[PDB]
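A.B. asks: Here it is, the structure in full.
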Amino acid sequence: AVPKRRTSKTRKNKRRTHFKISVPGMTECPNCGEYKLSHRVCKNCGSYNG
Amino acid sequence: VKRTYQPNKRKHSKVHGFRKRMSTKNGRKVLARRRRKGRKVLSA
Amino acid sequence: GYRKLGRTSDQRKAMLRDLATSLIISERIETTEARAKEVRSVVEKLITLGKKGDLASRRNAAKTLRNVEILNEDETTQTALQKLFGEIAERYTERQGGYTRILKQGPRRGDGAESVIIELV
Amino acid sequence: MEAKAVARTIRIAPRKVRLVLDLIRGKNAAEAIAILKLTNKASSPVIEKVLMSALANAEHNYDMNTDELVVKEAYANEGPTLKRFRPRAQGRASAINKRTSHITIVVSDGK
RNA sequence: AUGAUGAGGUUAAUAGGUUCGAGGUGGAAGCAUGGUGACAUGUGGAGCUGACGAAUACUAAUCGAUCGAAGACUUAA
RNA sequence: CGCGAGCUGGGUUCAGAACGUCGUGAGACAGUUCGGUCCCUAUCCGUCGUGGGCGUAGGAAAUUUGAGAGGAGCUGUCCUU
RNA sequence: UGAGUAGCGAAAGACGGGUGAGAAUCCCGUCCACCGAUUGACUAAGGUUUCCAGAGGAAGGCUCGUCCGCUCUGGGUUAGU
RNA sequence: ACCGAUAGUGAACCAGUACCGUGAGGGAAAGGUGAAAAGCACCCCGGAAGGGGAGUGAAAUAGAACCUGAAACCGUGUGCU
RNA sequence: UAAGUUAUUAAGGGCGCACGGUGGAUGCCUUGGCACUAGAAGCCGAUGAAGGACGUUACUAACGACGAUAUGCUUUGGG
């Protein structure tokens, strides 16, 4: 089927309300100091210690 | 499917070449009318 | 099976035999989280068979394991079965199961699919 | 003052980049490196570049402390698009828009 | 479908492995014996066994992080 | 004569061919017979399932009442009197 | 606008090691799978420089790309039968 | 008392050209930095592209996509809601 | 305690404004064309024409010029 009527740019931005993407869910490494991704291995420096 | 252009150098020059246009009164008209327009390629 | 791996039965079984052989050849590999969650349960049972030791336990190992030779024995050439029944078995002869461990790395580029480092414990 | 960096005519559609930019907008700049470094998306590396450049414009050629820096204003504008073609069936042809973007980040110290 | 719903996150039985069973198959390999041979018998309801029941911290649910209240206004009691 | 952006294409009314018949003829039926491309990714309303936000004058967990709304609602036969 | 929607063109890859700013995809290797009256070998037409080496990765490649039939720089076709 | 870049020749510009067609044949689009290239030394981020400074210039929101720079369209922030 | 009244939230959206990007309208301009006027002249070729192909430069894709004497040769004048 075809759209019978173009979408007003208010309805477009209403539909795009939930199209946001979420944070990565990250923590501070207790060895690296830099940030890691929880339950993952520190890309920056070394081990996982779990 | 077999399409309509099946290239062939011999046929192309035998049927549209220069010597085949220079053999007719109308081939000569063709070449003169392409020179009136100033084409780069006269024959093929 | 637990989880179809986006493959077909013969194709998936070949996949898992290859991964298991490579794991006990290299003792640690980087793979995808689901492939690892399956290679886990495959190589666990292979090393159980290795710990058993009997000949039928060897011929059963010899059907779910590939045929590679380990050139880098310092001029020695082990097959994967000889490796699995000497070294891996004699190593893990104390603990009662749980012979590997999976470590998440992060999202692979080009898929966003998580990468894991499955290795022998 | 307010330092800024720009990346003009990056080859990513700008409304794919606005997704990532809606995460770092207003964060302590010490976080924003790691946030962009940890997320799945593809527009994150080419924004890590622009952010690190706008932060290396704070220490150098101005004199600011790059701990005191929040990402005051990040955003992305449209660039020139590259209009291509894709042959559909039956002689039809559909246009393609390989769009671009200008990624602008402005870090400040709040003074 | 995803989210949500529930069961758990070590002070732990949530999933995998391990040891037992349940059910399914139907007598594993090797060896000895009889046949010259295809085979048969014993060792032996044996050996294998995905999803079902139980126990066992061996592996992984680490460490952390966020959100979330201080109780309006009259009137009568 | 509900329903083909749900299905079919058997009849009737596309090009082929034939019978009877009307027409000098090209051709036509009161007819009859064999064959013959049924496209669409759902924007809005509607419908069916499912989440998020805020509201419900503090912030929560659990158990509920029921204003309403929906579902079901059929029937024979044999024995006894 | 439709919309971050349909599509990404029949099919088996896996892992190790390299290179590198960046690797599911590039190079190497082992294993696995597919064709095998053919997905192999040689040729006519036709194309016309796409062939090779060393660099490159703005565009093309339905993703990626450090790679390429693409970009740059150099080269390569030898007949008395 | 002709046009002034959708105008004027199809063609202000390497135009009867890209391109399209077996062929005859059809056929576009494409002007403007500054007075003068003085066309951005050097530093910093980055693989580069691109930036931020310092410069040249009367002017760089005149940086070779280079006079003015509208509308559609796409964004960032806020005053009322 | 009870009965009543009333908001603040804005996931987002609306209008106003401020600031930016694409985009190439408008303004001004000309190495280009259009319509004529006055004056010439109105043919070229077997002593090879018009039109081309291939080449020619220190480094040459292409454009103009040139033809193995080739990015040009001699002479007559001007400058």
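By convention in this document, the chains of the structure tokens carry letters A, B, ... by their order, each chain's residues are numbered from 1, and ligands are numbered from 1 in the order they are shown.
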List every residue of chain D that DSSP, applied to the backbone of this structure, assigns to alpha helix (DSSP H), and report them as a ChimeraX atom specification.

C.D. replies: /D:14-24,29-38,45-59

A.B. asks: Go ahead and dump the residues you just picked, C-alpha atoms, as an mmCIF file, in the first residue's frame.

C.D. replies:
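Everything below was put into selection-v2.cif:
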data_model
loop_
_atom_site.group_PDB
_atom_site.id
_atom_site.type_symbol
_atom_site.label_atom_id
_atom_site.label_comp_id
_atom_site.auth_asym_id
_atom_site.auth_seq_id
_atom_site.Cartn_x
_atom_site.Cartn_y
_atom_site.Cartn_z
ATOM 1 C CA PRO D 14 23.697 12.847 9.769
ATOM 2 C CA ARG D 15 20.666 11.295 11.458
ATOM 3 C CA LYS D 16 22.706 8.201 12.228
ATOM 4 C CA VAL D 17 25.291 10.442 13.893
ATOM 5 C CA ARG D 18 22.738 12.397 15.890
ATOM 6 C CA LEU D 19 21.992 9.155 17.753
ATOM 7 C CA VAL D 20 25.510 8.982 19.165
ATOM 8 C CA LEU D 21 25.680 12.737 19.731
ATOM 9 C CA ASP D 22 22.576 12.625 21.921
ATOM 10 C CA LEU D 23 24.638 10.614 24.450
ATOM 11 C CA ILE D 24 27.673 12.865 24.969
ATOM 12 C CA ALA D 29 34.381 15.300 28.977
ATOM 13 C CA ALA D 30 36.386 12.712 30.924
ATOM 14 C CA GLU D 31 33.355 10.430 30.545
ATOM 15 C CA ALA D 32 32.597 11.148 26.907
ATOM 16 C CA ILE D 33 35.793 9.534 25.607
ATOM 17 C CA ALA D 34 34.886 6.291 27.359
ATOM 18 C CA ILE D 35 31.205 6.446 26.401
ATOM 19 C CA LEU D 36 32.081 6.843 22.739
ATOM 20 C CA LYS D 37 34.732 4.146 23.221
ATOM 21 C CA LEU D 38 32.348 1.535 24.607
ATOM 22 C CA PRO D 45 35.195 6.531 16.235
ATOM 23 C CA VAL D 46 34.859 9.486 13.856
ATOM 24 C CA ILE D 47 33.407 11.447 16.797
ATOM 25 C CA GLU D 48 36.139 10.324 19.167
ATOM 26 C CA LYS D 49 38.506 11.979 16.687
ATOM 27 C CA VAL D 50 36.602 15.276 16.734
ATOM 28 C CA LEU D 51 36.235 15.246 20.510
ATOM 29 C CA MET D 52 39.904 14.577 21.160
ATOM 30 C CA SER D 53 40.767 17.357 18.718
ATOM 31 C CA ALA D 54 38.482 19.837 20.469
ATOM 32 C CA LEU D 55 40.110 18.812 23.756
ATOM 33 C CA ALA D 56 43.615 19.177 22.304
ATOM 34 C CA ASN D 57 42.529 22.661 21.243
ATOM 35 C CA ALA D 58 41.933 23.481 24.911
ATOM 36 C CA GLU D 59 45.362 22.674 26.328
#

A.B. asks: Pick out the residues sitting within 6 Å of stretch 37-49 of chain A, and hand them over as a VMD selection string; count only C-alpha atoms (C1' of nucleotides), and ignore anything fewer than 3 positions along from it in its own chain.

C.D. replies: (chain A and resid 26 to 27 32) or (chain C and resid 104 to 105)

A.B. asks: Mind checking which residues fall within 9 Å of residue E:27, counting only C-alpha atoms (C1' of nucleotides), ignoring those fewer than 4 positions away in the same chain, and posting them as a list in words?

C.D. replies: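 Here the answer would be residues 44, 45, 46 and 47 of chain E.
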
A.B. asks: When distances are computed from only C-alpha atoms, which of D:7, D:2, D:40, D:69 shows the smallest separation from residue C:113?

C.D. replies: D:40

A.B. asks: What separation in Å, quoted to one decimal, exists between atom CA of residue A:34 and atom CA of residue D:68?

C.D. replies: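 Going from atom CA of residue A:34 over to atom CA of residue D:68, I get 17.5 Å.
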
A.B. asks: Give me the residues of chain B that have any atom at most 10 Å from an atom of chain G; for each, the nearest atom pair and the distance in Å, rounded to one decimal. Use only C-alpha atoms (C1' of nucleotides), sort by chain and number, and format it as a Markdown table.

C.D. replies:
| residue | atom | partner | partner_atom | distance |
| --- | --- | --- | --- | --- |
| B:6 | CA | G:46 | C1' | 8.5 |
| B:7 | CA | G:46 | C1' | 6.5 |
| B:8 | CA | G:46 | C1' | 7.2 |
| B:9 | CA | G:46 | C1' | 8.7 |

A.B. asks: Residues near residue E:28, anyone? I mean within 12 Å using only C-alpha atoms (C1' of nucleotides), not counting same-chain ones fewer than 3 positions away, as a count of residues only.

C.D. replies: 10

A.B. asks: Which residue is closest to chain G? Choose from A:31, A:22, A:7, A:17 and count only C-alpha atoms (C1' of nucleotides).

C.D. replies: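 When distances to chain G are compared using only C-alpha atoms (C1' of nucleotides), the smallest one comes from A:7.
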
A.B. asks: So that I can check the secondary structure, give me every residue of chain D assigned strand (DSSP E or B) by backbone DSSP, as a VMD selection string.

C.D. replies: chain D and resid 2 to 10 28 70 to 78 82 to 87 93 to 98 101 to 108

A.B. asks: Could you name the residues that touch residue F:36 at 12 Å or less, counting only C-alpha atoms (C1' of nucleotides), but leaving out those on the same chain fewer than 3 positions away, as a ChimeraX atom specification?

C.D. replies: /F:9,14-16

A.B. asks: Give me, as a Markdown table, the closest atom pair and its distance (Å, one decimal) for every residue of chain B within a cut-off of 8 Å of chain H, counting only C-alpha atoms (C1' of nucleotides), rows sorted by chain and rising number.

C.D. replies:
| residue | atom | partner | partner_atom | distance |
| --- | --- | --- | --- | --- |
| B:5 | CA | H:22 | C1' | 6.9 |
| B:12 | CA | H:22 | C1' | 7.7 |
| B:16 | CA | H:23 | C1' | 7.2 |
| B:30 | CA | H:24 | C1' | 7.8 |
| B:37 | CA | H:16 | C1' | 6.4 |
| B:38 | CA | H:16 | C1' | 6.1 |
| B:39 | CA | H:16 | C1' | 6.0 |

A.B. asks: Write out as a list in words each polymer residue whose atoms come within 10 Å of residue D:84, counting only C-alpha atoms (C1' of nucleotides); drop sequence neighbours fewer than 6 positions from it.

C.D. replies: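 Result of the neighbour search: residues 94, 95, 96, 97 and 98 of chain D.
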
A.B. asks: Keeping N, CA and C atoms, export the residues of the selection given above as a PDB file, in the first residue's frame.

C.D. replies:
ATOM      1  N   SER D  94      16.335   3.451  -9.265  1.00  0.00           N
ATOM      2  CA  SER D  94      16.036   4.132  -8.016  1.00  0.00           C
ATOM      3  C   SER D  94      17.252   4.913  -7.555  1.00  0.00           C
ATOM      4  N   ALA D  95      17.031   6.166  -7.180  1.00  0.00           N
ATOM      5  CA  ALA D  95      18.113   7.023  -6.738  1.00  0.00           C
ATOM      6  C   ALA D  95      18.567   6.636  -5.341  1.00  0.00           C
ATOM      7  N   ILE D  96      19.850   6.834  -5.088  1.00  0.00           N
ATOM      8  CA  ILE D  96      20.455   6.607  -3.787  1.00  0.00           C
ATOM      9  C   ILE D  96      21.066   7.919  -3.331  1.00  0.00           C
ATOM     10  N   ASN D  97      21.050   8.146  -2.028  1.00  0.00           N
ATOM     11  CA  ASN D  97      21.625   9.341  -1.424  1.00  0.00           C
ATOM     12  C   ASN D  97      22.722   8.896  -0.464  1.00  0.00           C
ATOM     13  N   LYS D  98      23.976   8.926  -0.902  1.00  0.00           N
ATOM     14  CA  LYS D  98      25.076   8.744   0.034  1.00  0.00           C
ATOM     15  C   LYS D  98      25.326  10.095   0.684  1.00  0.00           C
TER      16      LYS D  98
END

A.B. asks: So how far away is atom CA of residue C:63 from atom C1' of residue E:23, in Å?

C.D. replies: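 Spanning atom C1' of residue E:23 to atom CA of residue C:63 is a straight-line distance of 26.2 Å.
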
A.B. asks: So how far away is atom CA of residue C:19 from atom CA of residue C:99, in Å?

C.D. replies: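 Distance reported for this atom pair: 15.6 Å.
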
A.B. asks: Please determine, counting only C-alpha atoms (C1' of nucleotides), which residue among I:48, I:42, I:32, I:12 has the shortest atom-to-atom distance to chain A.

C.D. replies: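 Of I:48, I:42, I:32, I:12, the one nearest chain A, counting only C-alpha atoms (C1' of nucleotides), is I:12.
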